[PDB]
């Protein structure tokens, strides 16, 4: 048994700082809604399950949202602009929608505290970041550039490159840190700290974020006949394995984010980030800029 066996892709629950919905196609009837919807959205699961999405959307953004949701080109279209009209009182969300195993999953995170131009911060992050990565003259300089850039953009206490060896053991080959975070640079860890089914999932889904390791999972409720494990492999809000939360607690880490580094189709390593005290809800534009930099680094892993 041991670590390789837990089915981390179907926990039945999400991290409660966003809301997860499942939408029928083509009608966009909600078949599933996470149970934190009252706190986040201002509606109960009973109001949600079996209602059409449009009923809750401010009418002027409604048709474009529905058009996007039916597009597949789906992302490419993320993030979706979601204005949730309840009281109302519009609430604003970035929607991240994806299709997996026959389900259309729409995840809602509250739109950033504004106020700077939308997507300007992404524009600058990836331009400045690309040119620092291109200054690197070898693999070690690349790693140190990436970790400095990611720590700069996010404000995480620690950011490392964690490289896998042939046996899937890993080592900390680059680190940028606040002084206040103990230095992990140079440490090697056994393969079971990132077990096989996690590594397999992380070859497909290149980003995970845990803005606080102390949260109450919000169960995903479903219409009768629906529900039945929801495959959450590509869902950003997926509740993470409790044994990993305990590992982070024991490391003394309150919040985490990691990004897969790919090479020739195979997981090569991770950019891994920790907040040592306090939480870390990384804004959408920052997270996405960091993933973009990880894709650039992955493409450069030919030098």
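Residue numbers count along the first chain shown, from 1.
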Quiz item: Comparing 68-76 with 102-110, where is the mean C-alpha B-factor higher?
Solution: 68-76
Quiz item: Comparing 35-43 with 232-240, where is the mean C-alpha B-factor higher?
Solution: 35-43
Exercise. Could you tell me which one of 124, 199, 134, 158 shows the highest CA temperature factor in the PDB record?
Key: 134
Practice problem: In terms of CA temperature factor as recorded, identify the highest of 206, 162, 168, 92. | Solution: 92
Quiz prompt | B-factor third for the C-alpha atom of residue 87 within its chain | solution = highest
Quiz prompt | residue 247, C-alpha B-factor rank within chain (lowest, middle or highest third) | solution = middle
Exercise. Just say lowest, middle or highest third for the CA B-factor of residue 272 relative to the other modelled residues in its chain.
Key: lowest
Quiz item: If you rank every modelled residue in this chain by C-alpha B factor, which third holds residue 258: lowest, middle or highest?
Solution: lowest
Self-check item: For residue 297, the third of its chain into which the C-alpha B factor falls
Solution: lowest
